[PDB]
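Protein chains in written order, with the UniProt record's numbering: chain A, 1175 to 1409, 1438 to 1466; chain B, 667 to 672, 682 to 701, 725 to 750, 825 to 892, 921 to 954, 958 to 1035. Even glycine gets a Cβ: it sits at the ideal position worked out from N, Cα and C. Reading through the structure tokens given below for one structure.
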């Protein structure tokens, strides 16, 4: 029963549908109004932030979402960085995301024929998927990163494993660590097949290659510079050996028998 | 049973509505007044949807102006501003900026490539800067510094806010708008630095550098100088 002559603002109906909104920080950020963005955000929310830690974390999550939304566009990325810095948090997650998406261009565009916008939509979907912590999708994304990185390295027309090679390759470790994924064996092998020790030493070192991986991948080099290496940092099937190394047991009467019962 | 059977409307229904209204013309004034604001809004609301329910069609004049700014279009919103029977919101200054800084950015964007090709200007860039920094007519609603403090309806972070530079609060923003040339970065930093110096002189306060913020502010001028020295 609409007794009162109602209009676009019938009081009872107006209450039934009073839905107001404030100029949320997305206005400035999405436009790109950095210092004003932070300042207006504080004006509206800092006092209003009855839960400063919780509200700050929520705003950071929003900032990360916003940034991830706009990989290609430059201005949005710069705004994201500035707002994160003014927020008071880390400035490496968003930058890592940006660098990864940017470097993924070459061997997705100069190798595949499609409209860049569909590629952008696919990349954004994959990015949101990664934000969900999709470990399998994370692995696929890093794999593509390696592939495109190899393509780009080749493009510059230099030796595939020189110094500047590692210089560009740093991001390979950077991403994997940043996303808490197992350090992928990227260039260690690529130098391992080529018999270049003074790269498997250094580049093993300056990222803290965990001691299992270096030894495990050591078995690719050569006949020579392989025995001088497996024993380098250590810390059978031959009767002249099974008995030579049988002077080590409790006495003997069980190592030989235990070894000989197993293999007939 | 009625339930058995259960913008184009914004045209069609309004058609016969105005048809009956004109036929009668050949309470009602109150009734017409209610429908007086519709078609333009109906257009504008359709213009709103076309830009991108009756819940969308019942936004408060504040929320109405909000949707008007949503797409970032000022010309269409101008009529809503004129006929909204209200002219009290910082969004007025926001429209000011959207109208001015837009062409400002276009001119700056051309100026950069022009400068490079000539090398293959600073005074004009500074003039474009002042075009936002200085207002020919009425002052920009954000042009006031304590206008930010005006937005404060009140704390521990008030002192943090005392580190703010509203005159630069958009200046650094615009420097990040699209500044994309070497000397262009140099100037877009140096002029904003002049603005910061003017802010401090207006501030009349010392640089409490050691004044670390417990709430989690990393330093407005501090971040500014961080970027400055990093560029250096």
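{"Check": "Check whether the segment 1207 to 1214 of chain A touches the segment 1251 to 1259 of chain A, counting contact only when three or more Cβ pairs, one atom from each stretch, lie closer than 8 Å.", "Outcome": "yes"}
{"Check": "What's the call for residue 863 of chain B, buried or exposed, on a 16-neighbour Cβ count within 10 Å?", "Outcome": "buried"}
{"Check": "So is residue 747 of chain B buried or exposed if we call it buried at 16+ other beta carbons inside 10 Å?", "Outcome": "exposed"}
{"Check": "I'd like the list of long-range same chain contacts for residue 968 of chain B, defined as Cβ closer than 6 Å, with 5 residues on each side in sequence excluded.", "Outcome": "999 and 1002"}
{"Check": "Residues of chain B with a CB under 9 Å from the CB of residue 1251 of chain A: which are they?", "Outcome": "Here the premise fails: no neighbours, minimum Cβ distance about 10 Å."}
{"Check": "Looking at chain B, which residues of the segment 1215 to 1246 of chain A have a Cβ within less than 7 Å of any of its Cβ atoms?", "Outcome": "1216, 1217, 1220, 1221, 1226 and 1230"}
{"Check": "I want to know whether the segment 1394 to 1405 of chain A touches the segment 1363 to 1382 of chain A - three or more CB-CB distances under 8 Å.", "Outcome": "yes"}
{"Check": "Thinking just about the alpha-carbon of each residue, which of B:865, B:851, B:1022 and B:1030 is nearest to the one in residue 947 of chain B?", "Outcome": "B:865"}
{"Check": "Starting from residue 1007 of chain B, find everything on chain A with Cβ-Cβ shorter than 7 Å and list it in chain order.", "Outcome": "Under the 7 Å cutoff, chain A gives no residues; its nearest Cβ is about 20 Å from residue 1007 of chain B."}
{"Check": "Just to make sure I have the definition right: I need the residues of chain A whose C-beta is within less than 8 Å of the C-beta of residue 960 of chain B. Which are they?", "Outcome": "1216, 1220 and 1221"}
{"Check": "For chain B, is any of its Cβ atoms less than 7 Å away from the one on residue 1209 of chain A?", "Outcome": "yes"}
{"Check": "In angstroms with no decimal places, state the Cα-to-Cα distance between residue 1316 of chain A and residue 1305 of chain A.", "Outcome": "14 Å"}
{"Check": "What did DSSP end up calling residue 844 of chain B once you bin it into helix, strand or coil?", "Outcome": "coil"}
{"Check": "Of all the options B:729, B:843, B:725 and B:731, which has the alpha carbon lying nearest to the alpha carbon of residue 745 of chain B?", "Outcome": "B:843"}
{"Check": "Along the chain, which unbroken stretches of the alpha helix (DSSP H) at least 4 residues long are found entirely within the segment 1318 to 1382 of chain A?", "Outcome": "1337 to 1352, 1361 to 1366, 1371 to 1374 and 1376 to 1379"}
{"Check": "Is the distance from the Cβ of residue 1391 of chain A to the Cβ of residue 1444 of chain A below 7 Å?", "Outcome": "no"}
{"Check": "What did DSSP end up calling residue 1310 of chain A once you bin it into helix, strand or coil?", "Outcome": "helix"}
{"Check": "Determine, using beta carbons only, whether residue 951 of chain B comes closer than 7 Å to chain A.", "Outcome": "yes"}
{"Check": "Please tell me whether residue 849 of chain B has its Cβ less than 7 Å away from any Cβ of chain A.", "Outcome": "no"}
{"Check": "Within 10 Å of its beta-carbon, does residue 994 of chain B have 16 or more other beta-carbons around it, so buried, or fewer, so exposed?", "Outcome": "buried"}
{"Check": "Is the CB-CB distance between residue 1262 of chain A and residue 1019 of chain B below 7 Å?", "Outcome": "yes"}
{"Check": "Closer than 8 Å by C-beta to residue 971 of chain B: which residues in its own chain qualify, once you throw out the five before and the five after it? Chain order, please.", "Outcome": "995, 998, 999, 1002 and 1027"}
{"Check": "Mind listing the chain B neighbours of residue 1181 of chain A? Cutoff is C-beta to C-beta under 7 Å, in chain order.", "Outcome": "732"}
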